[PDB]
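What follows is a single structure, written as structure tokens, with notes after it.
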Amino acid sequence: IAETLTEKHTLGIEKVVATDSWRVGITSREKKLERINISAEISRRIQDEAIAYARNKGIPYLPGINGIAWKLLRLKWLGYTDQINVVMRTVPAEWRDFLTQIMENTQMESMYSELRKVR
Amino acid sequence: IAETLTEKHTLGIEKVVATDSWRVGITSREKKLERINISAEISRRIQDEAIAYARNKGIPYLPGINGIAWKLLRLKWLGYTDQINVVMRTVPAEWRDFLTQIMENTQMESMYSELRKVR
Amino acid sequence: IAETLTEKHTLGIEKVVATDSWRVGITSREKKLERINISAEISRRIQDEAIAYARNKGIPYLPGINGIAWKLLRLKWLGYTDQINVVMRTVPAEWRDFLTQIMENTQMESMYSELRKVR
Amino acid sequence: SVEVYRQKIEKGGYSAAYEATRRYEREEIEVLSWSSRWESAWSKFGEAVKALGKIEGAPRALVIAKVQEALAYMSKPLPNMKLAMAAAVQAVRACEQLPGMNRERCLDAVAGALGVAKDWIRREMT
Amino acid sequence: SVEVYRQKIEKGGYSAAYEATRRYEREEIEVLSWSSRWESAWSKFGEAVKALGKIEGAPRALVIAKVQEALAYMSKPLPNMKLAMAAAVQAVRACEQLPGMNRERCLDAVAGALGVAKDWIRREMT
DNA sequence: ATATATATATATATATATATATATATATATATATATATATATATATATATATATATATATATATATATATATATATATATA
DNA sequence: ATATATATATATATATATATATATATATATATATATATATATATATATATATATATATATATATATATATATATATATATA
């Protein structure tokens with residue numbers, strides 16, 4: 001009767017709950033699921049360095065600086081460097097040294113984990 | 001039929017009581033639950049020094065001074081210090097020395113336990 | 001349909017008798033229950049002093065003077081001394097010496113029993 | 001962790017949310033009474049956190065949180081404007097560090113969001 | 001891998017999608033409310049990508065993705081034009097290396113798609 | 001030996017339909033594997049907070065229920081001396 | 001006089017379930033702000049590979065069922081010399 005993009009999205013969902021392709025989509029992979037493990041580790045590693053940075057300089061802990069430092073880690077891997085340069089102007093002054101601490105100064109532990117996760 | 005924010009909160013509850021995600025949300029974690037043990041330990045340590053402070057100086061025990069001293073313990077950890085400065089003017093005179101006793105004079109016992117709990 | 005404080009009190013009671021949270025609320029504590037044992041001891045210790053006080057001075061035994069002297073024992077423990085002074089004016093004259101007997105002269109036996117109960 | 005992830009997957013939240021959605025369209029589910037208590041109380045926190053739109057720059061979660069913490073004290077049955085200012089002067093200091101924002105422009109956005117005078121927050125600043 | 005391929009084949013998706021279509025034509029399936037929330041939100045991203053039609057040459061996926069990322073920042077309840085221009089200047093640099101494109105002609109396509117002035121992106125370019 | 005129908009076996013070819021195997025491509029559906037991104041939904045992991053629920057842990061108190069302990073007395077019932 | 005269960009006066013401590021005030025921490029499910037990563041299902045952009053089912057182009061092998069041409073043999077049922 002009809003085929004528009006609102007109803008193509010619906011009829012795709014209808015076949016998913018019919019044949020149960022969501023839960024067999026996850027349980028049949030079982031190899032990509034350890035990327036959740038590695039992502040859980042880098043989130044813990046970045047956040048601990050964000051708190052220790054806040055106590056050595058006496059600045060309050062600025063929440064959401066974990067996610068900013070994690071985006072810049074992933075773009076440094078790809079090569080979007082002028083993406084980085086505008087965000088470094090956007091964060092405040094005392095936290096710019098922390099963001100380059102995650103990229104360059106923790107290139108040993110943290111960049112190897114993203115090099116292991118996308119592999 | 002409709003999708004507003006009142007009935008989005010409802011339909012999220014109906015999927016919880018259908019598949020029982022609350023109780024399996026607790027029992028699958030079972031590592032974060034020992035934070036309840038450490039939090040009950042700190043609150044006992046704060047309450048016991050509060051009553052001893054009341055009898056050493058002859059002031060009546062002021063209830064709710066546990067919660068004020070426990071909030072300032074966690075903000076000292078993050079670094080919200082002008083949060084502290086307004087609160088220290090808000091409590092009465094003879095209890096200000098107790099509030100800085102939890103923060104720095106019983107730092108080592110109490111700040112380690114928050115350093116252990118959030119870890 | 002409605003959410004006022006009368007039927008909020010009801011629907012909390014309905015969820016208690018449904019899942020039996022009262023009888024599992026008592027039996028799961030099993031450590032707080034020894035406070036009933038210690039409260040039984042101080043009630044017996046105060047009442048026996050009250051009849052000995054009535055027999056040494058020849059005054060009739062006054063019921064409820066054991067309950068009054070138990071409140072002054074606990075307010076002394078907190079530090080609410082201005083509440084102590086008004087009840088001392090309220091009790092009759094021959095029984096004022098008994099009320100300071102419980103707080104001071106048998107402090108060592110009775111204030112320790114409160115000090116072990118709240119812990 | 002993966003193992004805590006798996007145990008919520010086997011409960012089947014995708015199909016269960018789909019069946020509860022279809023039940024709503026066939027009028028088998030009404031609005032729960034918890035939701036009406038939620039939207040009556042939360043709605044002041046939604047439109048007042050959108051009044052922080054003209055703050056630009058960095059992660060603004062700290063200005064967003066302490067403004068929401070400041071509205072919590074004024075909305076008590078016994079309101080405490082003394083402790084509410086304690087969270088407000090933290091939001092002002094957090095707003096000040098951002099590139100492009102001023103101290104007076106952050107006194108504009110914070111006090112306009114809470115709906116109070118500017119001089120109340122400036123008194124506690126010192 | 002084939003072992004991840006086979007487990008979706010034995011679930012029978014070809015027959016099940018045929019019966020889902022026939023149920024729709026016999027009016028036993030109505031439009032899900034997830035789709036009404038989808039098409040109301042996505043439709044601004046659909047016509048913005050079609051506005052990059054006059055860019056020619058290479059794999060244009062980086063120009064399309066960074067424009068979609070820059071549009072999404074402006075659509076928040078608290079929009080951030082600072083981080084939006086961060087994703088926008090990556091699209092301009094990725095566009096100007098293609099054979100046939102200039103710096104201003106990529107400044108034409110990006111600022112026309114996002115619907116902003118050309119000088120906002122030129123300031124961040126440096 | 002002829003003709004109508006039903007079958008087998010030799011060959012060269014056409015057409016309709018059902019299948020296999022070679023190739024280059026388009027389109028509609030069903031799946032897989034690479035990439036950058038958006039949106040809807042289902043889950044995980046970091047943080048700061050508000051709100052609705054249930055759930056522990058500190059405290060001072062009121063009220064409604066359920067129990068314990070110390071006293072003085074009344075009343076209804078149940079037992080003893 | 002004494003023990004128990006119930007209701008009621010006065011003077012109290014203690015344990016639980018519920019609602020309510022004030023000052024808090026921790027874990028869970030739901031909705032919302034900001035700053036993010038990872039896995040899945042769906043729809044869409046860009047640049048592709050491989051497998052299947054369908055339809056269509058080009059240029060062909062091979063095996064079936066049907067209809068038709070030409071040149072035959074053999075078995076059956078029917079009608080005829």
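By convention in this document, the chains of the structure tokens carry letters A, B, ... by their order, each chain's residues are numbered from 1, and ligands are numbered from 1 in the order they are shown.
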
Wanna dump the chain F-chain E contacts at 7 Å for me, each residue with its shortest atom pair and the distance in Å to one decimal, counting only C-alpha atoms (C1' of nucleotides), ordered by chain and number, as a Markdown table?
```
| residue | atom | partner | partner_atom | distance |
| --- | --- | --- | --- | --- |
| F:30 | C1' | E:14 | CA | 4.8 |
| F:31 | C1' | E:9 | CA | 6.3 |
| F:32 | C1' | E:5 | CA | 5.4 |
| F:36 | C1' | E:62 | CA | 5.9 |
| F:37 | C1' | E:65 | CA | 4.1 |
| F:38 | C1' | E:68 | CA | 6.0 |
| F:39 | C1' | E:42 | CA | 4.8 |
| F:40 | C1' | E:38 | CA | 4.8 |
```

Put those residues in a file: N, CA, C and O atoms (P, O5', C5', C4', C3', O3' and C1' of nucleotides), as a PDB file, in the first residue's frame.
```pdb
ATOM      1  P    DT F  30      14.677  -6.506   3.650  1.00  0.00           P
ATOM      2  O5'  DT F  30      15.492  -7.872   3.632  1.00  0.00           O
ATOM      3  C5'  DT F  30      14.874  -9.046   4.079  1.00  0.00           C
ATOM      4  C4'  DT F  30      15.849 -10.201   4.086  1.00  0.00           C
ATOM      5  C3'  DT F  30      17.061 -10.019   4.958  1.00  0.00           C
ATOM      6  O3'  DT F  30      16.757 -10.208   6.308  1.00  0.00           O
ATOM      7  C1'  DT F  30      17.674 -11.013   2.912  1.00  0.00           C
ATOM      8  P    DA F  31      17.697  -9.521   7.409  1.00  0.00           P
ATOM      9  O5'  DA F  31      18.960 -10.480   7.477  1.00  0.00           O
ATOM     10  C5'  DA F  31      20.247  -9.927   7.497  1.00  0.00           C
ATOM     11  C4'  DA F  31      21.288 -10.983   7.221  1.00  0.00           C
ATOM     12  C3'  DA F  31      22.716 -10.514   7.403  1.00  0.00           C
ATOM     13  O3'  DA F  31      23.118 -10.634   8.744  1.00  0.00           O
ATOM     14  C1'  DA F  31      22.521 -11.453   5.294  1.00  0.00           C
ATOM     15  P    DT F  32      24.117  -9.543   9.360  1.00  0.00           P
ATOM     16  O5'  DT F  32      25.494  -9.867   8.643  1.00  0.00           O
ATOM     17  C5'  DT F  32      26.153 -11.068   8.934  1.00  0.00           C
ATOM     18  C4'  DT F  32      27.407 -11.202   8.108  1.00  0.00           C
ATOM     19  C3'  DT F  32      28.439 -10.135   8.329  1.00  0.00           C
ATOM     20  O3'  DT F  32      29.138 -10.330   9.532  1.00  0.00           O
ATOM     21  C1'  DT F  32      28.253 -10.587   6.034  1.00  0.00           C
ATOM     22  P    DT F  36      35.540   4.882  11.797  1.00  0.00           P
ATOM     23  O5'  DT F  36      34.954   6.282  11.316  1.00  0.00           O
ATOM     24  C5'  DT F  36      35.834   7.337  10.995  1.00  0.00           C
ATOM     25  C4'  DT F  36      35.118   8.415  10.210  1.00  0.00           C
ATOM     26  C3'  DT F  36      33.980   9.083  10.936  1.00  0.00           C
ATOM     27  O3'  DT F  36      34.464  10.077  11.805  1.00  0.00           O
ATOM     28  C1'  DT F  36      33.375   8.628   8.681  1.00  0.00           C
ATOM     29  P    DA F  37      33.640  10.433  13.132  1.00  0.00           P
ATOM     30  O5'  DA F  37      32.326  11.137  12.581  1.00  0.00           O
ATOM     31  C5'  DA F  37      31.102  10.965  13.247  1.00  0.00           C
ATOM     32  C4'  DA F  37      29.964  11.484  12.397  1.00  0.00           C
ATOM     33  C3'  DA F  37      28.594  11.320  12.999  1.00  0.00           C
ATOM     34  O3'  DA F  37      28.332  12.386  13.875  1.00  0.00           O
ATOM     35  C1'  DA F  37      28.559  10.617  10.748  1.00  0.00           C
ATOM     36  P    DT F  38      27.324  12.178  15.098  1.00  0.00           P
ATOM     37  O5'  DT F  38      25.894  12.202  14.409  1.00  0.00           O
ATOM     38  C5'  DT F  38      25.415  13.396  13.849  1.00  0.00           C
ATOM     39  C4'  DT F  38      24.076  13.179  13.188  1.00  0.00           C
ATOM     40  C3'  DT F  38      22.995  12.626  14.079  1.00  0.00           C
ATOM     41  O3'  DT F  38      22.459  13.633  14.903  1.00  0.00           O
ATOM     42  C1'  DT F  38      22.910  11.638  11.924  1.00  0.00           C
ATOM     43  P    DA F  39      21.830  13.242  16.327  1.00  0.00           P
ATOM     44  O5'  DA F  39      20.551  12.365  15.957  1.00  0.00           O
ATOM     45  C5'  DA F  39      19.367  13.001  15.518  1.00  0.00           C
ATOM     46  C4'  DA F  39      18.341  11.993  15.032  1.00  0.00           C
ATOM     47  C3'  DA F  39      17.880  10.988  16.062  1.00  0.00           C
ATOM     48  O3'  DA F  39      16.862  11.553  16.860  1.00  0.00           O
ATOM     49  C1'  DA F  39      18.293   9.917  13.989  1.00  0.00           C
ATOM     50  P    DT F  40      16.584  10.996  18.338  1.00  0.00           P
ATOM     51  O5'  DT F  40      15.902   9.579  18.089  1.00  0.00           O
ATOM     52  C5'  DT F  40      14.545   9.520  17.715  1.00  0.00           C
ATOM     53  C4'  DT F  40      14.107   8.092  17.475  1.00  0.00           C
ATOM     54  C3'  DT F  40      14.264   7.162  18.649  1.00  0.00           C
ATOM     55  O3'  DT F  40      13.234   7.338  19.584  1.00  0.00           O
ATOM     56  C1'  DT F  40      14.942   6.087  16.651  1.00  0.00           C
TER      57       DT F  40
END
```

Restrict the calculation to only C-alpha atoms, then for each residue of chain A with any atom at most 7 Å from an atom of chain B give the closest atom pair and their distance in Å to one decimal, rows by chain and rising residue number, as JSON lines.
```
{"residue": "A:58", "atom": "CA", "partner": "B:79", "partner_atom": "CA", "distance": 7.0}
{"residue": "A:59", "atom": "CA", "partner": "B:79", "partner_atom": "CA", "distance": 6.5}
{"residue": "A:60", "atom": "CA", "partner": "B:79", "partner_atom": "CA", "distance": 4.2}
{"residue": "A:61", "atom": "CA", "partner": "B:78", "partner_atom": "CA", "distance": 5.4}
```

Please write out chain C, superposed on chain B by least squares over all C-alpha atoms matched in order, as a compact mmCIF listing (two decimals) with C-alpha atoms, in the first residue's frame.
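Below you can see selection.txt, which holds the result:
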```
# COMPACT_ATOMS: atom_id res chain seq x y z
CA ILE C 1 -0.35 7.78 19.55
CA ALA C 2 1.63 10.29 21.61
CA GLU C 3 5.14 10.66 22.94
CA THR C 4 5.39 13.39 25.61
CA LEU C 5 7.73 13.29 28.59
CA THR C 6 5.03 12.23 31.03
CA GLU C 7 4.22 9.00 29.23
CA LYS C 8 7.81 8.49 28.14
CA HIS C 9 8.52 8.15 31.86
CA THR C 10 5.65 5.67 32.13
CA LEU C 11 6.59 3.41 29.22
CA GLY C 12 10.11 3.11 30.58
CA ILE C 13 8.66 1.92 33.88
CA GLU C 14 6.37 -0.56 32.11
CA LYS C 15 9.32 -2.22 30.39
CA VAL C 16 11.09 -2.58 33.74
CA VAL C 17 8.33 -4.46 35.54
CA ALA C 18 7.73 -6.57 32.43
CA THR C 19 11.19 -8.06 32.10
CA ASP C 20 12.34 -7.54 35.75
CA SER C 21 15.34 -5.32 35.08
CA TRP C 22 15.47 -3.78 38.55
CA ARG C 23 16.27 -6.85 40.64
CA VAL C 24 18.69 -8.15 38.02
CA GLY C 25 20.20 -4.67 37.89
CA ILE C 26 21.22 -4.90 41.53
CA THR C 27 22.23 -8.56 41.81
CA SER C 28 24.43 -8.49 38.69
CA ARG C 29 26.65 -5.68 39.97
CA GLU C 30 27.75 -7.30 43.28
CA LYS C 31 30.98 -5.20 43.31
CA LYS C 32 29.49 -1.71 43.53
CA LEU C 33 27.54 -2.83 46.60
CA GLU C 34 30.50 -2.60 49.00
CA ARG C 35 30.21 1.18 48.73
CA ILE C 36 27.24 0.89 51.10
CA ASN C 37 29.55 -0.75 53.64
CA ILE C 38 32.11 2.05 53.49
CA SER C 39 29.45 4.76 53.63
CA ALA C 40 28.09 3.05 56.74
CA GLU C 41 31.52 3.33 58.35
CA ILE C 42 32.10 7.05 57.75
CA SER C 43 28.59 7.84 58.99
CA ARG C 44 29.39 6.04 62.22
CA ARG C 45 32.82 7.64 62.47
CA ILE C 46 31.51 11.18 62.01
CA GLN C 47 28.60 10.84 64.45
CA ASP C 48 30.76 9.53 67.29
CA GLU C 49 33.06 12.53 66.92
CA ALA C 50 30.06 14.86 67.02
CA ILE C 51 28.91 13.71 70.45
CA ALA C 52 32.44 13.71 71.85
CA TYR C 53 32.78 17.28 70.58
CA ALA C 54 29.50 18.17 72.27
CA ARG C 55 30.63 16.63 75.55
CA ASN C 56 34.14 18.12 75.67
CA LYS C 57 32.87 21.68 75.21
CA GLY C 58 29.59 21.30 77.09
CA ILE C 59 27.43 22.45 74.17
CA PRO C 60 24.25 20.50 73.33
CA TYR C 61 24.43 17.98 70.52
CA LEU C 62 23.13 19.47 67.30
CA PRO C 63 21.37 16.99 64.98
CA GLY C 64 22.25 17.29 61.33
CA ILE C 65 25.77 18.54 62.01
CA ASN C 66 26.95 15.07 61.05
CA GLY C 67 25.18 15.42 57.72
CA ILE C 68 26.67 18.87 57.13
CA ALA C 69 30.21 17.67 57.86
CA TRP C 70 29.77 14.81 55.41
CA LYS C 71 29.02 17.17 52.55
CA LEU C 72 32.10 19.26 53.33
CA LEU C 73 34.20 16.09 53.28
CA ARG C 74 33.15 15.30 49.71
CA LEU C 75 33.32 18.86 48.37
CA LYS C 76 36.86 19.05 49.74
CA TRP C 77 37.59 15.91 47.73
CA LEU C 78 36.37 17.51 44.50
CA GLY C 79 37.75 21.00 45.09
CA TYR C 80 34.62 23.10 45.54
CA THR C 81 36.20 25.32 48.18
CA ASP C 82 34.08 28.43 47.60
CA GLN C 83 31.03 26.36 48.46
CA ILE C 84 32.86 25.29 51.63
CA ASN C 85 33.34 28.89 52.76
CA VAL C 86 29.67 29.86 52.67
CA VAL C 87 28.54 26.86 54.72
CA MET C 88 31.26 27.71 57.24
CA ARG C 89 29.59 31.10 57.67
CA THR C 90 26.21 29.37 57.97
CA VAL C 91 27.01 26.89 60.79
CA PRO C 92 27.12 28.40 64.32
CA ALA C 93 30.34 29.52 65.93
CA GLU C 94 31.18 26.69 68.33
CA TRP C 95 30.69 24.08 65.59
CA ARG C 96 33.04 25.62 63.01
CA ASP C 97 36.04 23.99 64.66
CA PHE C 98 34.38 20.59 64.34
CA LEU C 99 33.79 21.09 60.62
CA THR C 100 37.45 21.80 59.95
CA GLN C 101 38.28 18.91 62.27
CA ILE C 102 36.61 16.42 59.94
CA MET C 103 38.21 17.81 56.77
CA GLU C 104 41.71 18.46 58.13
CA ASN C 105 42.47 16.93 61.53
CA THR C 106 41.08 13.48 60.68
CA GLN C 107 41.88 13.78 56.98
CA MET C 108 44.09 10.67 57.01
CA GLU C 109 41.37 8.38 58.33
CA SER C 110 38.35 9.94 56.64
CA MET C 111 39.65 11.26 53.29
CA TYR C 112 41.16 7.84 52.63
CA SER C 113 37.78 6.19 53.26
CA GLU C 114 36.21 8.39 50.59
CA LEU C 115 39.24 7.75 48.39
CA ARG C 116 38.70 4.00 48.59
CA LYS C 117 34.94 4.23 48.15
CA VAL C 118 34.90 6.04 44.79
CA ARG C 119 37.49 3.58 43.51
```

Over all Cα atoms paired in order, how far apart are chain E and chain D after a least-squares superposition, as an RMSD in Å?
0.2 Å

Using only C-alpha atoms (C1' of nucleotides), I'd like a table of the residues in chain F that come within 9 Å of chain C; for each, show the closest atom pair and its distance in Å rounded to one decimal, ordered by chain and ascending number, as JSON lines.
```
{"residue": "F:64", "atom": "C1'", "partner": "C:9", "partner_atom": "CA", "distance": 8.9}
{"residue": "F:66", "atom": "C1'", "partner": "C:22", "partner_atom": "CA", "distance": 8.7}
{"residue": "F:68", "atom": "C1'", "partner": "C:36", "partner_atom": "CA", "distance": 6.6}
{"residue": "F:69", "atom": "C1'", "partner": "C:40", "partner_atom": "CA", "distance": 4.6}
{"residue": "F:70", "atom": "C1'", "partner": "C:43", "partner_atom": "CA", "distance": 5.1}
{"residue": "F:71", "atom": "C1'", "partner": "C:63", "partner_atom": "CA", "distance": 5.2}
{"residue": "F:72", "atom": "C1'", "partner": "C:63", "partner_atom": "CA", "distance": 5.4}
```

Within 9 Å of chain D, which residues of chain E show up when using only C-alpha atoms, listed as a VMD selection string?
chain E and resid 32 to 34 77 to 83
